[PDB]
Amino acid sequence: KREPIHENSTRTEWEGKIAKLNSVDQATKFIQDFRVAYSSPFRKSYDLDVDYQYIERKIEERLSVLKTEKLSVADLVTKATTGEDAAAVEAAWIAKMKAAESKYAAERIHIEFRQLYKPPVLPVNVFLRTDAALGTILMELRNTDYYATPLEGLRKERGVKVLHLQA
Amino acid sequence: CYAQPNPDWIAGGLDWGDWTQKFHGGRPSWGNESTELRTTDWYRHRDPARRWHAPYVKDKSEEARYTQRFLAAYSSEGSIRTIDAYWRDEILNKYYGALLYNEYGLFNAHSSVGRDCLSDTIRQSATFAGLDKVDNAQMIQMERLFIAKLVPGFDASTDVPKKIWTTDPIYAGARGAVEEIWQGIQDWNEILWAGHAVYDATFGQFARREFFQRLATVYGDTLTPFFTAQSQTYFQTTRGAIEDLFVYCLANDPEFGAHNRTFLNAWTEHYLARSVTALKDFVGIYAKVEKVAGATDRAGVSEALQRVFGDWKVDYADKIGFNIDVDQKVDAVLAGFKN
Amino acid sequence: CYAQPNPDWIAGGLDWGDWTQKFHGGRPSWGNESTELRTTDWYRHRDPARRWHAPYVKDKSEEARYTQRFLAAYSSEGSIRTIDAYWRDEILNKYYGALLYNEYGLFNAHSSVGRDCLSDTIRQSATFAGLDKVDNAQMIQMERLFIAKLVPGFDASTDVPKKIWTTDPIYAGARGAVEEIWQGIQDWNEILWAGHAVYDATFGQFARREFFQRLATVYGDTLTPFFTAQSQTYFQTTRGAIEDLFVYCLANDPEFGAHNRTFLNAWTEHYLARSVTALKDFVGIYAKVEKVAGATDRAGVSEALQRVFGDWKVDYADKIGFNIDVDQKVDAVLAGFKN
Amino acid sequence: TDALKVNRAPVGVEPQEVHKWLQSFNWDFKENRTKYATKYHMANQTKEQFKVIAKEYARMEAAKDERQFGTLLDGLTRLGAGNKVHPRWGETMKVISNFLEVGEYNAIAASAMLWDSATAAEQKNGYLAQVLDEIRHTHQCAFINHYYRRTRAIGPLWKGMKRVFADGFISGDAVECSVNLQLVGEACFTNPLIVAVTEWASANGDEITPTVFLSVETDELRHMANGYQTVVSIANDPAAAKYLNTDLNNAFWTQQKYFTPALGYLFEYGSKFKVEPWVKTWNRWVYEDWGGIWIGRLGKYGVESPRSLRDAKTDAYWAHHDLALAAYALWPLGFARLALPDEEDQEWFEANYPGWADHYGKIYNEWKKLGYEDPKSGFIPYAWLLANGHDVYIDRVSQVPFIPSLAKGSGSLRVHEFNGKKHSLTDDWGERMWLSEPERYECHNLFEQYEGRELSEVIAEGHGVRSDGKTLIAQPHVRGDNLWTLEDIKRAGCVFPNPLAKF
Amino acid sequence: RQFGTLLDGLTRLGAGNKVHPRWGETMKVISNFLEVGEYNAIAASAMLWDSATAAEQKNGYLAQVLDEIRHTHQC
Amino acid sequence: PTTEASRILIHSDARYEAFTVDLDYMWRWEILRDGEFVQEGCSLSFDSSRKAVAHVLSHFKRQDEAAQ
Amino acid sequence: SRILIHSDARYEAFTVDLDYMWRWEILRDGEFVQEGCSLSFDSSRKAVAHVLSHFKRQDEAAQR
Ligand SMILES: [Fe+3]
Ligand SMILES: [Fe+3]
Ligand SMILES: [Fe+3]
């Protein structure tokens, strides 16, 4: 069973607990857990599949207003909402990505960096150039010998549970 | 007005679901991470000029055909004969050409804007804003190639103007401003706001209006005003749309206004400084200019600067609650007057 | 364009027999009595621009719409603020409006031409040349009305310009010339030739290009060049047609070429004389403008006069074999110059 | 002397004169490079085929619009009078125009991305010119569609459409997006498509699509040049030998996955009159002309025919008939009125696809018998589908529907489970895309968004009802009699399942 | 627009003939007579422009002069 | 004056003409009616130039046929 | 002072008195289509009817 697409009880109640976030630190930890729980293929749960995108927006909005209400311009410009130096984040995650020994190690680093630091956690400009530099490396690794592994072995590489294979 | 297939998790979107295909990593086709500003409706912007392709292209065509008729008649008149030769060879040919590089850089800042921004009318205004700027650049070069046809020995190659734009201190602060607005950020609201509403409305208006257009009108330059008239018209048309987007639609969003003003003020602070630098470097050009009493000296230059910053205060700064001391900004730039 | 029903007793006709209806007393609907000149074929002229109704109004439409876009942007720029208030209030407003009457007068002279002349393409060229002249007059008034909207107390009424045109000695030579060319003759080749080829090419060119356009770019005037660009483009278009008619077709008619040159030289002598007179009155205006070395001293005006007369010799005099001593004509005019 | 002597011959400045110096407008600074993730570097010296500056662009296009808009108005007033167009094509028009607008809009941003990717001013200019063209044409579509939003998102074809027309153009390596847009999208499918639609539409009395499409055709040579310059600008990059042919093949598969069944459905079921059967067309456009000749001539730069071209051919024979089954079975979710093949439609079909009658012909006949068109029948053919074990799946990657029990095509179901979510894939190239790149491909299909909801409430929420308030935009027939309302759908008691519940 | 429509209209008369033959002839007469009238109206309106003293009344006749010119060029 | 470098005439009847030229990267074609330029296009190859011009002409001729 | 003199599924026509003459206009689908003048109201209607006959002849032919 399901509810309407754009207005339903899940989104309502979630906006409820979202309104009550009252600090940058509370909101930061809220959005990082939420992203980790509900987004990507490595997401913890597909429970909110149909609603997490809208809800993420609402958190993003609440966090961002808190950022303008309580933080200084210098923090808006140079620090992630975790307290860290945004430049140091960019250096550290690019460095991690350049060291990944495999496309599967790369994809996890890239997915997590977005999960943790997507705006409004990192400053947008720092986020977009980091995202882009990671995408480069991830494509350079994934698109090497892209058809060499046969499909059967690729399924194992992904760690997929083959439920069915039409003959 | 409403073609972009935006979902409900982007303010204004009416579709549902995740995108059909994303970037490696997971970047969405379009997404809120593309800008620090927020709104209840990204589709609210309306160009105050109603510029869509058919009118936008129509108008530019008129100016294109008239420009050639005016050039054919101008060379026939011989009116290039009374141009002041120093202004023509030492200031116009060289430093008005270097400004083509400045306008070119502002046009290319729009490229990522046209990819990332979140509404069709903003994509439309952005593109015409950027097309006019490459127009500006091409038009300056058209002028130089025209003068080259009337004046033997006049070199309309871009080599010297490019060397001047890349190495000459007068334009170092400008070149720095443009290089940061173009290739140094990606927030598409920050590109548009810093480029048109701060940098271009102060330095750009000074260089085009206060220096080359104004000074051509005291050195008997009958040719260059025909060209700055187009850049100045394009500036005002673009200001119209920038104003609607950042003042009416964003800094007054019924829910995120104060939010958006915070980022707007921060931005304005950063790029007002960059603007002041560019000007202070740029005002050294008067060292190479023949003196004229109300224009080319400190009293006049101060008046010109008072117009840029004063106008900018009433047209942009006071609308977003940004505090500026025109007098201080004027002084900050005049420190570079070098006379 | 062979649609005017001309009979085989008017040069180049195909119809036969008398007119179905004539003036009381017997004037024909069209006849060689309308002009001193003769030719083997009156339908020989071709406008070098081939500007028929469609392209002639297209081009003017572009100019019209661009003009209003330019004005709305120019008011927004505040560029009026750096103009010499003196030039603005005492020279431009008064003496430039007076110039409108000169243009208006030239327009009217085409009314009899439109009726009397003997070919349909000449009728078309003449009517468009007419229209451009009244356009010139209306555009000058348009600029005056524009300044009145921006500088308070600036009176755009025509009263003072009209008083200056009808009674100020600065324009006496001009008004006489215009009154004579418009209402003092009816040879339609004499109106066209004296009007465009001689008077407007010497005095009109000096007044529009050498005084108001050149001096505006010495006194900080960034508005007026926009309006002289239109009248100067228009002057050059018309000269294209005027030259084709009187030099290719008429002054070199295989059979009446020499015949037509006698009259053409007769006309030029007389109206060149009125032109010098008009220029001699006009140069008095320098005694009330501020002195700028090279533009308003005796050497600047002299060089301006050398351009007008030297240009005119090349473009017209030499082409019908009329002898002008450029230095003598210049010294004639300067005799009215105070300095 | 300066003040007296000068050349007074009339002269202007022609555009190629200003274009000669355009390349030098860019300057070297270390941060001067594209902001987007890419494996390639478009070379800084590459050139543009057309020497057009902004003023010349405006002059040329203002001129076209002059008469083109005049002609378009005349076509719209003439069509506003009579019956004009055949009804079946009358429906295909509304879908064509709605899909075109989506693609022209998203192309604006794809071309902007490419302009950002280039470093030569001239290649930037070329891309810029396509931005402006796509804008001009979306404005043509606004005007058009103004006479004829959340109502198209309801259906299942709109999602596949959104991949090949929208997400494929802008989300990925810019080079891969170029392949989606110019090298495959336009060169292989849409440029041939718009000239062919000109004949088909005209034969059904539609004057408007030929007018709009020919106006678009005026510009396509510039777009195909952009595509070519993508490949050329990167052909000296060692990344090209490593990557270009994988990006090409993957993007070729993305485009053919939707257009191979989609267009054939359009032509053969959305028109009464049939120019020639789609399978012969397909093999001429894609296999011979694009894959043979044109890609052949790109070998100069190290381009090879897609390795998946042969699978694509194997599927081109029945794919559009399979797709048509799905579209017919689901008509209430769409935004146009369908027409079952009539007696000669069937004749033509059997004639050209021997086997059509024993399979699709009989299914549609039975659906007509069971009340496909009768609004009093409470019959929904998707229910008959489930009720006879004929489930419908949605390719997680392409979004194209798949019906394995009824499909005569070449696709096979793969149902995988990853990190607690079941996914259905339908061919060997999509499945590699999703296995290699799960995080690019999370698009929800409609069975997931509408799970266990009644059909009528999904329609109604979507606004797929006429101003009436009860009569559906969608209809199982094109006659003006016996129209279906929300109540008639509700009678069917249709509720969406989870087709992957059984695995 | 009127030039656009005249064009599109003018190609259709071309590939075959949709016009009844009698009226086909009448067109030839009508268009010859039209041309003469519009041409002379140019000069007539210039004479009236010469007759008026008021610049406004002059202007009104001038507009008709340009009008008659415009249509001769359609012929 | 047709050569291996020239444009090529691909249609000619009482009223319509169509040309095509190889431009390496693409082929450019144009259609003329009664000698006047009507429409411009491009194709991947000479072969598809012909097919393209044939589609557009079927449309033009239908327009003409409907004027009688 | 505009007077509606024709109104059907597709065409509308108004006239107005300007004292010296009557100016009429025709709308097709709410789009101003054609302007004209007549000596009187009556001659406005006859003129409008003539043009509407032409416009409808065009509509007839563009279907049959
Ligand atoms: Fe397109
Ligand atoms: Fe295209
Ligand atoms: Fe008339």
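Rules and cut-offs
- Residues numbered from 1 in each chain as written, not as in the entry; some residues may be left out.
- Chains lettered and ligands numbered in written order.
- Part of a larger assembly, values for the part shown.
- Heavy atoms only, no water.
- Residues with missing side-chain atoms left out of burial classes, pairs and counts.
- Helix = DSSP H or I, 4+ residues; strand = E, 2+ residues; numbered from the N terminus.
- Buried < 20%, exposed > 50% of the residue type's maximum accessible area, 1.4 Å probe, protein only.
- Contact = heavy atoms within 4.5 Å.
- Polar contact = N/O pair within 3.5 Å; in protein donor to acceptor, adjacent residues only side chain to side chain.
- Donors = N, O, S within 2.8 Å, 3.2 Å for Na, K, Ca; no water.
- Tetrahedral: all angles 85-135°; square planar, octahedral: opposite > 155°, others 65-115°.
- Pairing = 2+ DSSP bridges.
- Axes fitted to C-alpha atoms, helices over the stretch in contact; angles between N-to-C directions.
- Buried area = accessible area lost by both parts, 1.4 Å probe.
- Salt bridge = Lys/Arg side-chain N within 4 Å of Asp/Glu carboxyl O.
- Nonpolar A, V, L, I, M, F, W, Y, C, P; charged D, E, K, R; others polar.
- UniProt positions renumbered as here; feature names shortened; annotations may be inferred.
- Parallel < 35°, antiparallel > 145°, perpendicular 65-115°, else oblique.
- Left-handed = near helix turned anticlockwise from the far one by under 90°.
- Patch = residues over 30% accessible without salt bridge, like charges linked within 9 Å, V, L, I, M, F, W, Y side chains within 5 Å.
- Areas by Shrake-Rupley, 256 points an atom, 1.4 Å probe, with all protein chains shown as cover.

This deposited entry lists X-ray crystallography as its structure determination method and 2.600 Å as its resolution.

Trainee: Can you walk me through the environment of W188(B) in this structure?
Mentor: Residues and elements named next belong to chain B. Tracing the sequence through the fold places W188 in helix α7 (residues 188-216). The exposure class of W188 is buried, given its relative accessible area of 0%. Sequence separation between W188 and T35 is 153 residues, and the spatial gap between their C-alpha atoms is 6.1 Å. Dropping the residues within four chain positions of it, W188 is found in contact with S34, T35, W42, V113, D116, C117, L118 and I122. At a separation of 3.1 Å, a polar atom in the side chain of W188 contacts the side chain of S34.

Trainee: Can you walk me through the coordination of the iron ion (ligand 2) in this structure?
Mentor: Tetrahedral metal sites with four donors have an ideal angle of 109.5 degrees; octahedral sites with six donors have ideal angles of 90 or 180 degrees. Residues and elements named next belong to chain D. Distances from the iron ion (ligand 2) to its protein donors, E186 (OE), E220 (OE), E220 (OE) and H223 (ND1), fall within 2.0 to 2.2 Å. Classification of the site at the iron ion (ligand 2) rests on its four donor atoms, whose angles at the metal span 58 to 142°, yielding the label irregular. In primary-sequence terms, the residues that donate to the iron ion (ligand 2) follow E-x33-E-x2-H. Separating the iron ion (ligand 2) from the iron ion (ligand 1) is a distance of 3.2 Å. Residue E186 is located in helix α6 (residues 174-203), and its partner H223 is located in helix α8 (residues 220-234); the two are separated by 37 residues in the primary sequence. On the basis of relative accessibility, which here comes to 6%, the residue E186 falls in the buried class. Classification of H223 by relative accessible area gives buried; the value is 0%.

Trainee: Looking at this structure, how should I read the coordination of the iron ion (ligand 3)?
Mentor: All names here are of chain E. Here the iron ion (ligand 3) is held by the protein donor atoms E38 (OE), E38 (OE), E68 (OE) and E68 (OE), which lie 2.0 to 2.6 Å from it. Taken together, the four donor atoms coordinating the iron ion (ligand 3) span angles of 55 to 124° at the metal, a pattern that classifies the geometry as irregular. Remark: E68 occurs in helix α3 (residues 55-72) and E38 occurs in helix α2 (residues 21-51); sequence separation between them is 30 residues. Of the two residues examined, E38 and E68, each falls in the buried class.

Trainee: Hey, could you run me through the sheet that holds strand β1 (residues 8-12) of chain F in this one?
Mentor: Through backbone hydrogen bonds, the strands of a sheet pair up, either in parallel or in antiparallel fashion. Spatial strand order, β1-β2-β3-β4 (chain F): four strands in an open sheet with antiparallel pairing. The sheet is open, and its two borders are formed by β1 and β4 (36-43) of chain F, each paired with just one other strand. With strand direction ignored, the average angle separating the axes of adjacent strands in the sheet is 20°. When strand β2 (residues 16-22) of chain F meets strand β3 (residues 27-33) of chain F, the two strands line up antiparallel, connected through seven bridges. For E17(F), the partnering residue across the bridge sits in β3(F) and is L32(F). Contacting β3 and β4 of chain F, helix α7 (residues 208-217) of chain D runs over the sheet at an angle of about 70° to β4(F).

Trainee: So what exactly am I meant to see when it comes to the interface of chain D and chain G here?
Mentor: Opposite the seven residues of chain D that make contact, chain G presents five residues. Counting each side, the surface lost to burial between chain D and chain G is near 500 Å², with a carbon and sulfur contribution of 54%. At the surface where chain D touches chain G, the tally comes to zero salt bridges. At the junction of chain D and chain G, the tally comes to two residue pairs in polar contact. Each residue belonging to the side of chain D that touches chain G can be placed in one class, and the counts come to one nonpolar, four polar and two charged.

Trainee: Honestly, the pattern of salt bridges in this entry has me stumped. Any pointers?
Mentor: Enumeration over the complete set of coordinates arrives at 123 salt bridges over all chains. A salt bridge links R27(B) to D131(A); the nearest nitrogen and oxygen atoms lie 2.7 Å apart. Of this pair, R27(B) sits in the segment before α1 (53-77) while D131(A) sits in helix α7 (residues 124-142), placing the two residues on different chains. A salt bridge links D315(B) to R239(B); the nearest nitrogen and oxygen atoms lie 3.7 Å apart. One end of the pair, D315(B), is in helix α10 (residues 298-315); the other, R239(B), is in helix α8 (residues 224-250), and 76 residues separate them in sequence. Here the salt bridges do not stand alone but share partners, grouping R43(A), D49(A), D18(B), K22(B), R396(D), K421(D), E442(D) and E448(D) into one network.

Trainee: Before we go on, may I ask you to explain the UniProt feature "binding site: Fe(3+) 3" (unreviewed entry) in chain D in this structure?
Mentor: All names here are of chain D. With numbering matched to this structure, UniProt assigns "binding site: Fe(3+) 3" (unreviewed entry) to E134, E186, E220 and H223. Among the structural elements, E134 can be located in helix α4 (residues 121-147). Accessibility expressed as a relative area gives 1% for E134, which makes it buried. Apart from the residues lying within four places of it in its own chain, the contact partners of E134 are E104, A107, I108, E186 and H223. If sequence neighbours within four positions are ignored, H223 has contacts with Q130, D133, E134, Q182 and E186. Polar contacts involving the side chain of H223 include one to the side chain of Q130, which spans 3.3 Å.

Trainee: What is the right way to look at the environment of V65(A) in this model?
Mentor: Structurally, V65(A) is set in helix α3 (residues 52-70). The class of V65(A) is buried, set by a relative accessible area of 18%. A C-alpha to C-alpha distance of 46 Å links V65(A) and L163(A), two positions 98 residues apart in sequence. Contacts of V65(A), omitting those with residues within four sequence positions, involve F256(B) and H259(B).

Trainee: Just to check I follow, could you spell out the packing of helix α9 (residues 238-270) of chain D against helix α16 (residues 428-436) of chain D for this structure?
Mentor: Describing two packed helices takes the angle between their axes plus the distance from one axis to the other. Residue and element names in this part refer to chain D. Where α9 meets α16, the closest approach of the two axes is 10 Å, and the angle between their N-to-C directions is 120°. Between α9 and α16, the crossing angle belongs to the class labelled oblique. For the element pair α9 and α16, the recorded crossing hand is left-handed. Contacts between α9 and α16 pair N249, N250, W253 and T254 from the former with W429, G430 and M433 from the latter. Residues of the contact of α9 with α16, tallied by class, amount to three nonpolar, four polar and no charged.

Trainee: What should I look at first to understand a nonpolar patch on the surface in this one?
Mentor: Residues and elements named next belong to chain E. Taken together, the side chains of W23, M27 and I30 make up a nonpolar region of the molecular surface, amounting to roughly 320 Å² of accessible area. Mapped onto the fold, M27 is located in helix α2. On the basis of relative accessible area, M27 is assigned to the partly exposed category, the value being 41%.

Trainee: Looking at this structure, I do not really get the sheet that holds strand β4 (residues 421-425) of chain D. What am I missing?
Mentor: With respect to topology, three strands assemble into an open sheet ordered β1(A)-β3(D)-β4(D), the strand pairing being antiparallel. Bordering the open sheet on either side are β1 (161-165) of chain A together with β4 of chain D, each of which pairs with just one other strand. Shown here is a sheet whose adjacent strand axes are inclined to one another by a mean of 20°, direction ignored. For β1(A) and strand β3 (residues 414-418) of chain D, the ladder comprises four bridges, and the chain directions are antiparallel. Within β3(D), the residue paired with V162(A) across the bridge is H416(D). Strands in contact with helix α8 (residues 151-158) of chain A are β1 of chain A together with β3 of chain D; relative to β3(D), the strand with the most contacts, it is inclined by about 20°. Across the sheet, α16(D) lies against β3 and β4 of chain D, angled at about 5° from β3(D), the strand it touches most.

Trainee: Explain the side chain of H259(B) here, please?
Mentor: Along the polypeptide, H259(B) turns up in helix α9 (residues 257-282). Not counting residues up to four positions away in its chain, the partners in contact with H259(B) are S64(A), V65(A), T68(A), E36(B), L37(B) and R38(B).

Trainee: Whenever I open this one, the interface of chain B and chain D confuses me. Can you help?
Mentor: When the parts of a complex come together, some accessible area is lost, and that lost area is often taken as the interface size. In this assembly, 90 residues from chain B lie in contact with 83 residues from chain D. Together chain B and chain D conceal approximately 7700 Å² of surface at their shared face, both sides included; 60% is due to carbon and sulfur atoms. Linking chain B with chain D are three salt bridges. The salt bridge involving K22(B) is made with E442(D); its shortest N-O contact spans 3.0 Å. Summed over the shared surface of chain B and chain D, the number is 48 residue pairs in polar contact. Mapped onto the side of chain B that touches chain D, the elements with two or more residues apiece are α1, α2 (85-108), α3 (110-116), α4 (120-150), α5 (159-167), α6 (172-183) and α8 of chain B. In terms of residue count, α4(B) provides more of the side of chain B that touches chain D than any other element does, 17 residues in total. Taken together, the residues of the side of chain B that touches chain D sort by class into 38 nonpolar, 32 polar and 20 charged.

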